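Taking it in order: structure first as structure tokens, then the write-up.
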Amino acid sequence: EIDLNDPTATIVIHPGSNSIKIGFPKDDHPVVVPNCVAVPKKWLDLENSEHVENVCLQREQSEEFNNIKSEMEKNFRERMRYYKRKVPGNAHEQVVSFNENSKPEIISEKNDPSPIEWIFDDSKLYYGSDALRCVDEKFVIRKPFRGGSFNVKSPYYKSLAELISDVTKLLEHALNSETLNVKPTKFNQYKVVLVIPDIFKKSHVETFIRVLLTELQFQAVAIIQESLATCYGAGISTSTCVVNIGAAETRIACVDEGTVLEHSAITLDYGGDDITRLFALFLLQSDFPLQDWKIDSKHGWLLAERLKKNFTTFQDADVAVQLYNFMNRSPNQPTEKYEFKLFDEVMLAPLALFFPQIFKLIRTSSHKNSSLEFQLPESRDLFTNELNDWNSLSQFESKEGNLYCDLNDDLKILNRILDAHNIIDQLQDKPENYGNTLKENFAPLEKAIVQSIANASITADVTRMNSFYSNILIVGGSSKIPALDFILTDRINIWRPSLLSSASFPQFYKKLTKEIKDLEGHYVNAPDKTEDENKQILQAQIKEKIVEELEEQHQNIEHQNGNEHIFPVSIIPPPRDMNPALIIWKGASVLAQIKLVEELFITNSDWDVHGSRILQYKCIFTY
């Protein structure tokens with residue numbers, strides 16, 4: 001009952017697209033619970049909204065898809081030349097695919113599982129790992145979460161109420177488990193630390209708090225943004241850039257001295273899930289023995305996920321015409337082992353992180369519920385009525401394809417950089433249906449990270465550039481690809497412009513801003529000419545010129561009569577045998593254990609008197 005700030009009585013929760021991470025803070029590890037609910041097909045209206053799409057895929061693809069895969073094949077060739085080896089290649093044996101029946105002795109393939117003890121009773125809903133064994137001829141799977149937020153675009157939900165009921169029943173199922181055995185009538189003894197994305201949607205956050213306190217009846221809730229949690233989960237002192245690779249999205253953001261820098265945040269619309277889809281396709285195109293792959297069905301998706309997780313690498317050392325195998329488990333058959341050869345598909349697929357346009361080519365365009373979305377309006381300031389979610393300069397640039405890495409001269413780069421504070425100003429109160437609504441962000445990973453880091457510095461404290469480039473942490477369930485650190489490092493280094501590689505940029509940039517400020521400032525009287533409406537351009541052309549002057553002065557100062565100072569690119573995953581999917585939960589559980597959270601727990605009484613308005617006063621980030 002009673003409300004003390006003691007960690008024993010705290011549950012730390014980190015929703016994600018693949019699985020919700022949950023446990024007590026002092027746990028070595030949290031329970032990992034699949035983000036899945038299995039619904040008997042006979043319970044749902046499935047005619048008009050239709051797309052029984054759980055049943056179809058496509059080995060052949062467009063030219064553009066062919067072109068891009070050809071170019072990926074080049075990039076691969078070059079990497080392999082640049083270190084090691086090639087061969088005769090594609091010429092094959094999977095054409096003549098041999099399957100081998102297994103006695104029911106499915107010794108483990110990998111991880112925590114072995115054979116599948118299926119669920120045939122379609123007279124109830126199932127949750128988590130239970131949902132994962134429901135036979136898909138009887139059940140459909142919905143997923144309450146899209147990585148932190150509520151999965152509004154799912155078409156299996158007719159309303160928030162529906163969505164929330166399986167959020168709460170999914171949370172309950174998790175909370176009731178061999179290792180945490182907390183039933184719903186005891187929820188009011190617990191407080192919750194909730195992990196929330198960096199660019200959270202206020203209506204989701206607020207709804208979730210409302211749900212945890214008002215319906216699940218938790219004592220109190222405290223929230224934290226993914227990137228800060230990931231810093232707590234590793235080491236927070238420094239300035240650092242977090243790259244989080246998830247199933248559906250990749251999130252990048254910088255963190256400096258306790259805060260997640262708004263204009264550094266980028267949400268990229270691709271992640272481990274497109275790698276998985278790419279991999280399946282590539283396997284199909286290299287004549288994979290299972291040719292009709294029902295990829296959006298549970299059974300086939302699971303198969304696609306297993307293989308890619310088992311097999312995809314950036315490790316050039318290990319890329320060889322190889323024999324791989326797998327067992328295809330049997331909805332109503334004997335278990336069939338298959339053996340297949342792979343060569344380059346294991347790297348081409350994740351290489352797509354840098355040619356993400358191909359991801360776009362192979363998935364259907366979003367089909368969000370406006371019946372559901374209409375019930376989660378985007379947050380608006382109660383006074384001005386203006387969209388008031390965090391809204392990041394870097395998201396807007398990268399989405400629109402204005403990436404610094406794609407600019408050639410230094411002047412354009414410098415000017416755009418110089419323009420930033422206007423671009424953010426325009427952003428925060430435009431005739432703003434501008435900053436594309438439906439548009440997905442398909443910017444290549446490496447260019448995105450550079451964007452994030454450049455803006456992360458110039459919008460706040462530029463002198464942290466160095467520190468950012470030497471603490472890029474890679475984290476997230478889909479980031480567990482060997483040698484991702486390695487190739488990412490190559491690529492930032494090829495792509496980062498030279499202007500933005502010089503370790504003295506911040507110092508230069510800092511000088512230029514001051515000297516521009518001495519043109520608006522120490523000329524506070526109306527410019528020299530008699531008449532002035534354009535006479536601000538004779539100081540806007542003197543600005544144009546001083547830029548060129550200092551820009552050039554820097555370059556002559558660049559020769560430096562010898563050796564050149566240059567930002568590193570330290571990309572740092574967690575050690576082999578740590579799980580990158582769990583840093584965040586770890587970090588949250590560290591918050592959960594310290595003096596700080598005490599001040600940050602929104603309690604029920606907090607919430608009934610004040611509503612979402614407490615977030616303005618109890619929150620580790622400026623809400």
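Here, A, B, ... name the chains of the structure tokens in the order displayed, residue numbers run from 1 inside each chain, and ligands are numbered from 1 in the same displayed order.
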> Looking only at the backbone, which of the residues in stretch 267-335 of chain A does DSSP tag as alpha helix (DSSP H), as a PyMOL selection string?
Replying inline: chain A and resi 272-285+298-311
Those residues you just picked out, can you put them in a file as a PDB file, in the first residue's frame with C-alpha atoms?
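The result, stored in selection-v1.pdb:
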ATOM      1  CA  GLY A 272      16.513  -4.711 -38.217  1.00  0.00           C
ATOM      2  CA  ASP A 273      13.236  -5.571 -39.844  1.00  0.00           C
ATOM      3  CA  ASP A 274      14.200  -4.429 -43.298  1.00  0.00           C
ATOM      4  CA  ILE A 275      17.505  -6.256 -42.935  1.00  0.00           C
ATOM      5  CA  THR A 276      15.456  -9.358 -42.236  1.00  0.00           C
ATOM      6  CA  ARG A 277      13.197  -8.736 -45.277  1.00  0.00           C
ATOM      7  CA  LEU A 278      16.204  -7.965 -47.490  1.00  0.00           C
ATOM      8  CA  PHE A 279      17.945 -11.093 -46.357  1.00  0.00           C
ATOM      9  CA  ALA A 280      14.910 -13.259 -47.077  1.00  0.00           C
ATOM     10  CA  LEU A 281      14.690 -11.699 -50.614  1.00  0.00           C
ATOM     11  CA  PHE A 282      18.355 -12.117 -51.292  1.00  0.00           C
ATOM     12  CA  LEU A 283      18.057 -15.736 -50.248  1.00  0.00           C
ATOM     13  CA  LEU A 284      15.126 -16.188 -52.553  1.00  0.00           C
ATOM     14  CA  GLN A 285      17.185 -14.635 -55.370  1.00  0.00           C
ATOM     15  CA  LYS A 298       4.235 -15.365 -38.193  1.00  0.00           C
ATOM     16  CA  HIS A 299       5.876 -18.660 -39.116  1.00  0.00           C
ATOM     17  CA  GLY A 300       7.847 -17.253 -42.037  1.00  0.00           C
ATOM     18  CA  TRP A 301       8.793 -14.039 -40.396  1.00  0.00           C
ATOM     19  CA  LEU A 302      10.199 -15.945 -37.397  1.00  0.00           C
ATOM     20  CA  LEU A 303      12.235 -18.039 -39.903  1.00  0.00           C
ATOM     21  CA  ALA A 304      13.437 -14.876 -41.668  1.00  0.00           C
ATOM     22  CA  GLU A 305      14.447 -13.366 -38.316  1.00  0.00           C
ATOM     23  CA  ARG A 306      16.292 -16.461 -37.095  1.00  0.00           C
ATOM     24  CA  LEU A 307      18.479 -16.846 -40.179  1.00  0.00           C
ATOM     25  CA  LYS A 308      19.446 -13.225 -40.433  1.00  0.00           C
ATOM     26  CA  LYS A 309      20.277 -12.946 -36.749  1.00  0.00           C
ATOM     27  CA  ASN A 310      22.289 -16.204 -37.041  1.00  0.00           C
ATOM     28  CA  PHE A 311      24.018 -15.402 -40.265  1.00  0.00           C
TER      29      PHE A 311
END
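The neighbours of residue A:405 here are the residues that come within 6 Å of it, using only C-alpha atoms and leaving out any residue fewer than 4 positions away in the same chain; they are residues 447, 495, 496 and 497 of chain A.
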So which residues of stretch 51-284 of chain A fall under strand (DSSP E) by DSSP, listed as a tab-separated table (two decimals) with N, CA and C atoms, in the first residue's frame?
chain	number	residue	atom	x	y	z
A	99	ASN	N	15.86	-31.84	-48.48
A	99	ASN	CA	15.33	-31.78	-47.11
A	99	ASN	C	15.36	-33.10	-46.36
A	100	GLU	N	15.69	-33.01	-45.08
A	100	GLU	CA	15.87	-34.17	-44.21
A	100	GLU	C	14.97	-34.12	-42.98
A	101	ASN	N	14.03	-35.06	-42.90
A	101	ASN	CA	13.12	-35.21	-41.77
A	101	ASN	C	13.85	-35.47	-40.47
A	102	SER	N	13.49	-34.74	-39.42
A	102	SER	CA	14.07	-34.98	-38.11
A	102	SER	C	13.10	-35.72	-37.22
A	126	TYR	N	-3.78	-14.95	-26.63
A	126	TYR	CA	-2.53	-15.32	-25.93
A	126	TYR	C	-1.56	-14.17	-26.02
A	127	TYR	N	-0.55	-14.20	-25.15
A	127	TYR	CA	0.38	-13.08	-24.91
A	127	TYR	C	1.85	-13.54	-24.90
A	139	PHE	N	-4.95	-18.11	-35.76
A	139	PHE	CA	-4.62	-16.88	-35.09
A	139	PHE	C	-3.89	-15.85	-35.97
A	140	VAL	N	-4.09	-14.59	-35.62
A	140	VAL	CA	-3.44	-13.44	-36.19
A	140	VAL	C	-2.68	-12.77	-35.02
A	141	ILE	N	-1.57	-12.10	-35.32
A	141	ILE	CA	-0.81	-11.45	-34.29
A	141	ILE	C	-0.93	-9.94	-34.39
A	142	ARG	N	-1.34	-9.28	-33.31
A	142	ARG	CA	-1.12	-7.83	-33.23
A	142	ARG	C	-0.05	-7.47	-32.21
A	145	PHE	N	2.86	-2.36	-29.25
A	145	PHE	CA	3.94	-1.34	-29.27
A	145	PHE	C	4.65	-1.10	-30.64
A	146	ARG	N	4.84	0.14	-31.10
A	146	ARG	CA	5.91	0.46	-32.09
A	146	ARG	C	7.04	1.22	-31.42
A	149	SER	N	6.41	3.93	-28.53
A	149	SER	CA	5.07	4.47	-28.72
A	149	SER	C	4.03	3.38	-28.96
A	150	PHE	N	2.76	3.78	-29.14
A	150	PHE	CA	1.67	2.82	-29.26
A	150	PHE	C	1.50	2.60	-30.75
A	191	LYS	N	6.12	1.21	-7.86
A	191	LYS	CA	6.33	2.29	-8.77
A	191	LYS	C	7.09	1.80	-10.03
A	192	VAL	N	7.03	2.61	-11.09
A	192	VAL	CA	7.47	2.24	-12.37
A	192	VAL	C	8.38	3.35	-12.89
A	193	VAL	N	9.52	2.93	-13.43
A	193	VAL	CA	10.35	3.79	-14.23
A	193	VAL	C	10.06	3.38	-15.67
A	194	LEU	N	9.58	4.32	-16.47
A	194	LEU	CA	9.20	4.05	-17.85
A	194	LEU	C	10.22	4.61	-18.90
A	195	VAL	N	10.64	3.80	-19.85
A	195	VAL	CA	11.53	4.32	-20.87
A	195	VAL	C	10.69	4.72	-22.06
A	196	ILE	N	11.02	5.87	-22.65
A	196	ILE	CA	10.21	6.60	-23.57
A	196	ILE	C	11.16	7.05	-24.69
A	220	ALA	N	3.16	5.14	-8.63
A	220	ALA	CA	3.86	6.30	-9.21
A	220	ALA	C	4.62	5.96	-10.50
A	221	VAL	N	4.82	6.94	-11.39
A	221	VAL	CA	5.58	6.69	-12.61
A	221	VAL	C	6.69	7.73	-12.84
A	222	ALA	N	7.83	7.30	-13.36
A	222	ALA	CA	8.86	8.24	-13.77
A	222	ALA	C	9.32	7.86	-15.16
A	223	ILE	N	9.63	8.86	-15.98
A	223	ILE	CA	9.96	8.59	-17.35
A	223	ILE	C	11.39	9.00	-17.66
A	224	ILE	N	11.96	8.38	-18.71
A	224	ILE	CA	13.31	8.74	-19.19
A	224	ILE	C	13.44	8.45	-20.69
A	225	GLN	N	14.28	9.22	-21.37
A	225	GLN	CA	14.39	9.13	-22.83
A	225	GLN	C	15.44	8.10	-23.11
A	240	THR	N	28.15	12.17	-25.59
A	240	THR	CA	28.14	10.96	-26.40
A	240	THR	C	26.99	10.88	-27.39
A	241	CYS	N	27.21	10.19	-28.51
A	241	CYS	CA	26.19	9.98	-29.54
A	241	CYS	C	25.66	8.56	-29.54
A	242	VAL	N	24.37	8.39	-29.29
A	242	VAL	CA	23.74	7.09	-29.27
A	242	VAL	C	23.01	6.72	-30.58
A	243	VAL	N	23.43	5.61	-31.17
A	243	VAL	CA	22.80	5.01	-32.33
A	243	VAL	C	22.10	3.80	-31.81
A	244	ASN	N	20.76	3.84	-31.86
A	244	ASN	CA	19.90	2.74	-31.42
A	244	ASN	C	19.26	2.02	-32.61
A	245	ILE	N	19.63	0.78	-32.88
A	245	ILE	CA	19.02	0.08	-34.02
A	245	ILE	C	17.92	-0.89	-33.58
A	250	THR	N	15.55	3.19	-36.70
A	250	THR	CA	16.86	3.42	-36.12
A	250	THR	C	16.88	4.83	-35.51
A	251	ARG	N	17.24	4.96	-34.23
A	251	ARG	CA	17.17	6.29	-33.61
A	251	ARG	C	18.54	6.73	-33.21
A	252	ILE	N	18.93	7.95	-33.61
A	252	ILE	CA	20.22	8.56	-33.32
A	252	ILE	C	20.00	9.91	-32.61
A	253	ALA	N	20.85	10.23	-31.66
A	253	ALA	CA	20.66	11.42	-30.84
A	253	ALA	C	21.95	11.69	-30.07
A	254	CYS	N	22.25	12.95	-29.78
A	254	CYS	CA	23.39	13.20	-28.91
A	254	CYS	C	22.98	13.63	-27.52
A	255	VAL	N	23.84	13.34	-26.56
A	255	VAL	CA	23.56	13.61	-25.18
A	255	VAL	C	24.75	14.31	-24.58
A	256	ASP	N	24.50	15.42	-23.91
A	256	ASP	CA	25.57	16.20	-23.35
A	256	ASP	C	25.15	16.66	-21.98
A	259	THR	N	21.55	15.99	-20.70
A	259	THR	CA	20.41	16.26	-21.56
A	259	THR	C	20.49	15.66	-23.00
A	260	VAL	N	19.34	15.34	-23.59
A	260	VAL	CA	19.32	14.75	-24.92
A	260	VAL	C	19.04	15.94	-25.81
A	266	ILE	N	17.46	12.04	-34.64
A	266	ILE	CA	17.00	11.62	-35.96
A	266	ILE	C	16.30	10.31	-35.69
A	267	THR	N	15.15	10.12	-36.35
A	267	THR	CA	14.48	8.81	-36.42
A	267	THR	C	14.48	8.35	-37.85
A	268	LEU	N	15.20	7.27	-38.13
A	268	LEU	CA	15.37	6.75	-39.46
A	268	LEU	C	14.35	5.66	-39.60
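Picture a line from atom CA of residue A:540 to atom CA of residue A:554; it runs 20.5 Å.
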Give me, as a PDB file with N, CA and C atoms, in the first residue's frame, all polymer residues having an atom no more than 10 Å from stretch 416-419 of chain A, counting only C-alpha atoms and skipping those fewer than 6 positions away in the same chain.
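Now in around.pdb:
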ATOM      1  N   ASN A 402      18.549  16.890 -47.156  1.00  0.00           N
ATOM      2  CA  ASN A 402      19.578  17.904 -47.033  1.00  0.00           C
ATOM      3  C   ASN A 402      20.623  17.502 -46.004  1.00  0.00           C
ATOM      4  N   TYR A 404      24.582  17.320 -44.916  1.00  0.00           N
ATOM      5  CA  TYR A 404      25.920  17.856 -45.060  1.00  0.00           C
ATOM      6  C   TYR A 404      26.899  16.940 -45.792  1.00  0.00           C
ATOM      7  N   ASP A 410      32.838  23.808 -49.228  1.00  0.00           N
ATOM      8  CA  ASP A 410      32.720  24.154 -47.804  1.00  0.00           C
ATOM      9  C   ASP A 410      31.824  25.358 -47.554  1.00  0.00           C
ATOM     10  N   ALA A 454      27.047  17.007 -36.087  1.00  0.00           N
ATOM     11  CA  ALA A 454      27.233  18.406 -36.478  1.00  0.00           C
ATOM     12  C   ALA A 454      26.172  19.324 -35.832  1.00  0.00           C
ATOM     13  N   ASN A 455      24.895  18.966 -35.907  1.00  0.00           N
ATOM     14  CA  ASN A 455      23.872  19.815 -35.297  1.00  0.00           C
ATOM     15  C   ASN A 455      23.870  19.740 -33.802  1.00  0.00           C
ATOM     16  N   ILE A 458      26.630  22.334 -33.043  1.00  0.00           N
ATOM     17  CA  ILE A 458      26.338  23.751 -33.385  1.00  0.00           C
ATOM     18  C   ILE A 458      25.056  24.304 -32.746  1.00  0.00           C
ATOM     19  N   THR A 459      24.086  23.487 -32.373  1.00  0.00           N
ATOM     20  CA  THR A 459      22.882  24.048 -31.747  1.00  0.00           C
ATOM     21  C   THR A 459      23.026  24.255 -30.247  1.00  0.00           C
ATOM     22  N   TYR A 509      34.416  27.887 -36.052  1.00  0.00           N
ATOM     23  CA  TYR A 509      33.016  28.223 -35.987  1.00  0.00           C
ATOM     24  C   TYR A 509      32.715  29.224 -34.876  1.00  0.00           C
ATOM     25  N   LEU A 512      33.844  32.721 -36.037  1.00  0.00           N
ATOM     26  CA  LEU A 512      33.014  33.244 -37.097  1.00  0.00           C
ATOM     27  C   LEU A 512      31.700  33.807 -36.574  1.00  0.00           C
ATOM     28  N   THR A 513      31.120  33.166 -35.561  1.00  0.00           N
ATOM     29  CA  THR A 513      29.828  33.612 -35.076  1.00  0.00           C
ATOM     30  C   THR A 513      29.994  34.934 -34.365  1.00  0.00           C
ATOM     31  N   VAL A 547      32.617  35.823 -44.023  1.00  0.00           N
ATOM     32  CA  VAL A 547      32.559  34.355 -44.106  1.00  0.00           C
ATOM     33  C   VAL A 547      33.671  33.852 -45.033  1.00  0.00           C
TER      34      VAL A 547
END
> When distances are computed from only C-alpha atoms, which of A:30, A:568, A:128, A:104 shows the smallest separation from residue A:468?
Replying inline: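 For residue A:468, the nearest of the candidates is A:568.
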>> Give me the residues near stretch 75-79 of chain A as JSON, numbers by chain, where near means some atom within 9 Å (using only C-alpha atoms) and where sequence neighbours in that chain fewer than 5 positions away do not count.
In response: {"A": [70, 84, 85, 86, 316, 344, 347, 348, 351]}
>> Show me, as a list in words, the residues that have an atom within 12 Å of residue A:65 when counting only C-alpha atoms, minus same-chain residues fewer than 6 positions from it.
In response: residues 59, 71, 72, 278, 281, 282, 352, 355, 356, 357, 358, 359, 360, 361, 362 and 363 of chain A
Deliver the residues from the most recent selection as a file, using C-alpha atoms, as a tab-separated table (two decimals), in the first residue's frame.
chain	number	residue	atom	x	y	z
A	59	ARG	CA	11.38	-13.07	-55.75
A	71	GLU	CA	25.67	-1.25	-56.77
A	72	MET	CA	25.71	-2.92	-53.37
A	278	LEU	CA	16.20	-7.97	-47.49
A	281	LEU	CA	14.69	-11.70	-50.61
A	282	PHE	CA	18.36	-12.12	-51.29
A	352	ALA	CA	21.47	-1.86	-46.93
A	355	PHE	CA	21.56	2.17	-49.43
A	356	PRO	CA	18.25	2.32	-47.58
A	357	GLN	CA	16.26	3.17	-50.70
A	358	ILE	CA	16.20	-0.54	-51.39
A	359	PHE	CA	14.39	-1.10	-48.09
A	360	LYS	CA	11.72	1.24	-49.33
A	361	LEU	CA	11.34	-0.69	-52.58
A	362	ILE	CA	10.42	-3.99	-50.87
A	363	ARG	CA	7.81	-2.95	-48.34
> If we count only C-alpha atoms, what is near stretch 569-575 of chain A at a cut-off of 7 Å, once residues fewer than 3 positions away on the same chain are taken out, given as a ChimeraX atom specification?
Replying inline: /A:469-475,485,489,578,580
